[PDB]
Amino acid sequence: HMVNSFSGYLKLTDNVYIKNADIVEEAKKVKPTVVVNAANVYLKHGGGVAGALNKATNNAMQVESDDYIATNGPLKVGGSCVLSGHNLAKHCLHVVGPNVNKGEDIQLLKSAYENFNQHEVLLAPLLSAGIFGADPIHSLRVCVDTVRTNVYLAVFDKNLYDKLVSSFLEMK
């Protein structure tokens, strides 16, 4: 029963850590209390992080998400809900970042990251930094400036990870 066992992270700030890792691989190893999903308002886990997380739960996440939506209706942009982490985590925090590609207000990225503050420790991706079309360096900046609790960020792409760490360490 070994919980929140993070290793090989670069410490960016007092509370923000980052690693070049697949968030699904990281969840299986770490067994975190909370894994964050980069969700849409309907919790349709069709691609990117949401897809990878759902497939790794063998579609238990999509079945549970469908029931949540049938009961409660869609999330707000910048909103969240806590559901089961299934085989990956105790809990999955489904957070909806703004879709900048549809012209959703980038300020809602701050609302989205404020959800992290309700949890002492999280494994998370960068919000809105996939098909939602926010600049990943911007997403990391809003995360660092907003989240006060312990966040371990998993960035899959080595090239993106390299840019993020460079940009961050160079200008502080």
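Start at 1 with the first residue shown and count on from there.
> Where do the C-alpha atoms have the higher mean temperature factor in this entry, in 52-60 or in 25-33?
Replying inline: According to the entry, 25-33 carries the higher average C-alpha B-factor.
>> So, looking at the entry's B-factor column for Cα atoms, which has the higher mean, 112-120 or 65-73?
In response: Result of the comparison: 65-73.
> Within this chain, which third does the Cα B-factor at residue 83 fall in: lowest, middle or highest?
Replying inline: It belongs to the lowest third of the chain when residues are ordered by C-alpha B-factor.
> Considering only modelled residues of the same chain, in which third does the CA B-factor of residue 131 rank: lowest, middle or highest?
Replying inline: Top third by C-alpha B-factor.
> Based on the entry's values, in what third of the chain does the Cα temperature factor of residue 91 lie: lowest, middle or highest?
Replying inline: Residue 91: CA B-factor falls in the lowest third of its chain.
> For residue 125, does the deposited CA B-factor place it in the lowest, middle or highest third of the chain?
Replying inline: Residue 125: CA B-factor falls in the lowest third of its chain.
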